[PDB]
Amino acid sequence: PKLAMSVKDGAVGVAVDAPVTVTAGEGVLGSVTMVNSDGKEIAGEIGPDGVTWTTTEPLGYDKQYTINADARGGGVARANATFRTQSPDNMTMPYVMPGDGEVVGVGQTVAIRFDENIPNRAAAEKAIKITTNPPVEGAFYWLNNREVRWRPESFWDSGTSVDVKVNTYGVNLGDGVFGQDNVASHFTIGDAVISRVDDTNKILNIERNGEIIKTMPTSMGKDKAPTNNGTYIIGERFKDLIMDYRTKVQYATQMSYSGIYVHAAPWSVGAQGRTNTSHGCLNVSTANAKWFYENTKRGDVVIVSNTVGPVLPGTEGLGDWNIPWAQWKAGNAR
């Protein structure tokens, strides 16, 4: 009568992503019980041919378990193991942008922001199944020790499904940092809205699926405080906003982490379409701001051309698209 458990008496670091099993040859399992060191029984169940038992709930970090099994058959047999699971130095809890069931523009990238620095980026990337329909090739670039982005080579085709599954429970992400739980998000890609502006004209030209549907005159950033050139991904928006000068501002659709918004500037209508009078923001009229507030969604693009300012930095960001595919696809795990 032979018993075989998938863990060993006195083992340590048992993984909590995998179940524990107990099997038997030369006969048949009779009873198998597993309990944490506080007594609480852990759930498992014997299979329909009486030869394997598996746990049905998952194990917990920083626990000890005792499993007792016996098998009937030759005849009588017994097994015993007490072990500890992964005993993490630090739990880290990922979050995903965009959120579950959101509809987003063709420049939305898949963020995974951790709340702890991630020593082992490779493990973090391995733990992230992203599933696209229709499928398209993408890759992982990190903007810093806590946030990893994933996008395709070019902008999103409209009506693509994106399923993001971050599965870090039980995954050692380097130097004792393990995932606190799993998280998921499924979202769809909406209409291809892309707004455009050349510092030559200072006219913001909004396309919907390659066809213009609004224009507006903007006053961008002063020579001394210029609006960056390049592709910006839109993010948040606000009906109101204090900006820290300290003053209230309406209908702000955000373009960069660094504080560049399309927003309502009545004080500078005279300048819109003509001369750059702001510290970086796309100044437009209250009526046109409100339109931009109401007609774009997170993930929509804005592109800037011929300002005196630098390129929006790639890792900013919001600046994701500014990085050339070659480099991005290479990633920066090592």
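Numbering starts at 1 and follows the sequence shown.
Are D244 and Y245 truly consecutive in the deposited sequence, or are residues between them missing coordinates? Give the number as none, 1 to 3, 4 to 9, or 10 or more. 10 or more residues lack coordinates between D244 and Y245.
Could you bin the unmodelled part of the deposited chain lying between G235 and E236 as none, 1 to 3, 4 to 9, or 10 or more? In the record, the chain runs straight from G235 to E236 with none unmodelled.
Higher mean Cα B-factor in the deposited model: 57-65 or 32-40? Mean B over CA atoms: larger for 32-40.
Could you settle it for me: does 210-218 or 109-117 have the higher average Cα B factor in the PDB entry? Comparing 210-218 with 109-117, the higher average CA B-factor belongs to 210-218.
Looking at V162, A122, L143, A252, which has the highest CA B-factor as recorded? Among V162, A122, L143, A252, the PDB entry lists the largest C-alpha B-factor for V162.
Residue with highest C-alpha B-factor in the PDB entry, from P19, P313, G13, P324: Highest C-alpha B-factor among the listed options: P324.
Would you check the entry's CA temperature factor for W156 and let me know if it's in the chain's lowest, middle or highest third? Its C-alpha B-factor, which the entry lists for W156, ranks in the highest third among residues of this chain.
Using the B-factor values recorded in the entry, state whether the Cα atom of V301 falls in the lowest, middle or highest third among the modelled residues of its chain. It belongs to the middle third of the chain when residues are ordered by C-alpha B-factor.
Ranked by Cα temperature factor within the chain, is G280 in the lowest third, the middle third or the highest third? CA B-factor rank for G280: lowest third.
State the tercile, meaning the lowest, middle or highest third, of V51 with respect to the CA B-factors recorded for its chain. Highest third, going by the recorded CA B-factors of the chain.
Where does the C-alpha B-factor of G73 rank in its chain, lowest, middle or highest third? Highest third, going by the recorded CA B-factors of the chain.
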